[PDB]
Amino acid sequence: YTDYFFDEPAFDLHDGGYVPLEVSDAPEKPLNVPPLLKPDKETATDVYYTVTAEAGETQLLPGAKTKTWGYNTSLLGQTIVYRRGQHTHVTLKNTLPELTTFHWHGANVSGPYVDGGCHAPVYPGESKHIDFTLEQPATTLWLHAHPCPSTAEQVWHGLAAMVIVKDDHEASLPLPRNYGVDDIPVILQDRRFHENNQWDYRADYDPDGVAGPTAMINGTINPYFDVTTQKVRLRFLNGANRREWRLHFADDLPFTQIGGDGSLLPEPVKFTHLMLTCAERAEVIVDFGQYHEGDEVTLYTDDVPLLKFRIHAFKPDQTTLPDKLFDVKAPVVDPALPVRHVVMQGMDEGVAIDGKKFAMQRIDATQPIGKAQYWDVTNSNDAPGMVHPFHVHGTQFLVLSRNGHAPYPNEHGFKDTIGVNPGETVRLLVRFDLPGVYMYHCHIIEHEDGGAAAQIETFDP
């Protein structure tokens, strides 16, 4: 028995071109925690932010600095806090040598301009302004680049940032919430270092997914984290181009998932082993109560150590989580509407959706706003296949079934990305609140760039 929910035969580690992680010989160092991006101005009703994509240099390994890109920093980005109900104004500035896109993955905003996908280019040296008001539950989202094609290369350079959404309900729960002390991002990525400590996407390119052997956690090699509280909230984001993370602690220390892509979970779910596909988020609580000062607990993926938790002195907490975290209010399907069938096909260069590759001017589907529809999403890859993380812009969906059976224990909240196993049909409940144009695609980023993407137009009827 595998400890994870996905189908073992389909794990990334069965690919012929699989790249194992190796522990780097680089020095151990403190986990970089990206600072909170300070607003330009904030009132209760409004918040103003400037977000600048920029090119710089980061000391990742001894010797030469790695050339990297980031938002408001050299690599990755400062964490951006949004609040449900607050009118948000954002100045998007591009100081890169390439055009880019500012994609708010999981933010229910209008498409395709505010959404910041393929049709929202910001050229070098120019600025754009956007505004929106999030009307969605508290969760962890993220920002990343999304020029079509060239998404994979821009993310590789380092254009990803964690986005936190706050709401009244979540503020009232007994959760670690002191950012950088007991509540931290865990942005899981891999890279390959070449001569002079540089990255080289083009040398490492593979149409089925790029992965390197060195794990990078919040832009840090060989990180440790100093624990100064009994409980810690980890916001896991899989920011890798392709790699799956199979997370567990030494000695199978339990942890509890309280959150998924789009919302808190309806109920807490206890885990010893958690698998995350690309773009998935999982918020977990780890209780270090059994441990004493000077102890050490290692977070692993498979047999490879990722992050070392060094236990300092902490005040007792021993709080309980309620049995119910969040009320999931499922919409009613519109019974006039057919079941939508979406089929992901191919591997390597042959990836496609419903028989076609992406065309920027072509609309592939329509759906009325405010009306929930069943989407049946199929991964048609015969064995041996791979888990395809399917993502829909502009919405948070609910998962109803997997091959006619229950979703996984941690998939009863709102989600925007779901891993579809080979041969599997998952049934989703999908509603768009806002009119415009939205993409759906595989979130193995090389698959997206290789054309495994379609666009849907939503309209007011």
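All residue numbers are counted from 1 along the displayed sequence.
**Q** Tell me which of 310-318 and 89-97 has the higher mean C-alpha B-factor in the deposited entry.
**A** According to the PDB entry, the answer is 310-318.
**Q** Comparing 112-120 with 74-82, which stretch shows the greater average C-alpha B-factor in the deposited entry?
**A** 112-120 has the higher mean C-alpha B-factor.
**Q** In the PDB entry, which of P213, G370, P223, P185 has its C-alpha at the highest B-factor?
**A** Largest recorded C-alpha B-factor: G370.
**Q** Between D327, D190, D204, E153, which one tops the list for C-alpha B-factor in the PDB entry?
**A** Most elevated C-alpha B-factor of the set, per the entry: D327.
**Q** Taking only the Cα B-factors deposited for this chain, tell me whether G56 sits in the lowest, middle or highest third.
**A** For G56, whose C-alpha B-factor we compare with every modelled residue in the chain, the answer is the middle third.
**Q** Which third of the chain holds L13 when residues are ordered by C-alpha B factor: lowest, middle or highest?
**A** CA B-factor rank for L13: middle third.
**Q** Divide the modelled residues of the chain into thirds by Cα B-factor and specify which third, lowest, middle or highest, holds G404.
**A** For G404, whose C-alpha B-factor we compare with every modelled residue in the chain, the answer is the lowest third.
**Q** Please place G294 in the lowest, middle or highest third of its chain according to the CA B-factor in the PDB entry.
**A** Highest third - that is where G294 ends up once the chain's C-alpha B-factors are sorted.
**Q** How does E411 rank on Cα B-factor within its chain, lowest, middle or highest third?
**A** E411: CA B-factor falls in the middle third of its chain.
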